[PDB]
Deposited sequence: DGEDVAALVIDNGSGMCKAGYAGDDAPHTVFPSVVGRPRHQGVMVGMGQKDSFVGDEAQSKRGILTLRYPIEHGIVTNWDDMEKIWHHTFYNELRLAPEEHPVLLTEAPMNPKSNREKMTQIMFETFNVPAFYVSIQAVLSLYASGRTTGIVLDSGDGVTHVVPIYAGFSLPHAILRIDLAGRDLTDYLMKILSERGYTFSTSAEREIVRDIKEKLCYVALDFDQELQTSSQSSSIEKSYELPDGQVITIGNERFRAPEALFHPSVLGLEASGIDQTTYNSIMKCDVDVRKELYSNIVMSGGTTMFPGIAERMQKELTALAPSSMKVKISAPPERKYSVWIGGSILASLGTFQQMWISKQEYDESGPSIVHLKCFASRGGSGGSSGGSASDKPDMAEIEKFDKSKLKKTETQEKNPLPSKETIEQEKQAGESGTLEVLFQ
């Protein structure tokens, strides 16, 4: 039956069917045996490992289980009856791209297989073949400039500053305020707090000065045990670490300066195209206000001559996935699959034209439950 699209991330696995407009199932990319959402909910009695760190696979035994979980537990199909399209981080080592192929063909017996660079799919999802993509997930952030469907590898930038860091940071400035967030389970509550209440300030110092004597800044959050806590300027302080990573002790450049530094590694003739085709994807780019701040920061850095236009669609959390769904539905793409045999032995205009409104409506099942107070306490005893 239909082709499958699996986007494996550092924190989250996104799976579904080519032609649908959204992943079928999204679940944490974790093993404790139990995988993902079921491991999540039993983390009280379990030790959890994340097989993908910074977007590169580090444990193929664990990686295999997640795919097993995707096929048989989540999507509930025979993997031998469905071509699979996978995604990979840029600069993924050939050893890994080979191992990925091996397991797909030899372990799960897929009829066809293909693997794509994530940022590229996000560009496709946005209906472009030339642009610069800012792809920030849980474990890694990438800046990937792309021209006529090909990445310019010399100018691909990577910072190890992403959602993981922002979570740990938020947890760190919340601990300073007196909240006892000390376990891995409580860390997930802080992730949720981040996703719900955090935002990026247009002007950080102005807003910071205003926060000190305002009550508008304050928001309430209910913990699992039922205690309500109140979040103040931590709301915009934690995401500020994307733009000034020094507050994390990282001597990295912010996501604004790294985007600029990337473009400037490109030919002058090309830059004008990149600047007016900036695409943001990934979950970390979901903060309210991040696009307007990106717009402002880049404008103030760019030549006055070039206009800055940034694409940040509502669904950009699952852009990479949507890119795969569109890609795998293209007529000219069918000629590109790797066949089970082919392994035993060894277009540009369609993207622009593709009508996303014809992709089938899909309700994403996000399975990533938050821990009970029992589980938090279970973990406390360690």
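Unmodelled regions of the deposited chain, listed from N- to C-terminal end, are 1-4, 37-51, 366-393, 430-440.
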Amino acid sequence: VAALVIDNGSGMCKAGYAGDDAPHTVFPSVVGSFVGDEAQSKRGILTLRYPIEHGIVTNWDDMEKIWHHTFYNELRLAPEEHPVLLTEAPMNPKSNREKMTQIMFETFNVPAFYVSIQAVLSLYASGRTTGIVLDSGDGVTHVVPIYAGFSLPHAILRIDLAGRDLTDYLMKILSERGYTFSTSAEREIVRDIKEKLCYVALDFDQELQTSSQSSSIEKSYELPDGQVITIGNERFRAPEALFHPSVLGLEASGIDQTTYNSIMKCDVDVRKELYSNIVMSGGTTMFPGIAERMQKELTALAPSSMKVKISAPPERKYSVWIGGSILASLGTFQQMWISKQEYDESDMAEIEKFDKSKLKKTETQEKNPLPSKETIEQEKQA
From here on, numbers count along this sequence of modelled residues.
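Looking at mean Cα B-factors across 299-307 and 163-171, the upper value is held by 299-307.
Higher mean CA temperature factor between 197-205 and 251-259: 251-259, per the PDB entry. Between the residues 71, 108, 287, 150, the entry's highest C-alpha temperature factor is the one at 150. Across the residues 341, 329, 319, 29, the deposited record lists the maximum Cα B factor for 341. Split the chain's modelled residues into thirds by C-alpha temperature factor. Residue 244 is in the middle one. Residue 82 sits in the lowest third of its chain by CA B factor, as recorded in the PDB entry. Per the PDB record, residue ranking by Cα B-factor puts residue 95 in the highest third of the chain. In the deposited entry, the Cα temperature factor of residue 376 sits in the top third of values across the chain's modelled residues.
Ranked within its chain, residue 225 lands in the highest third, by CA B factor from the PDB record.
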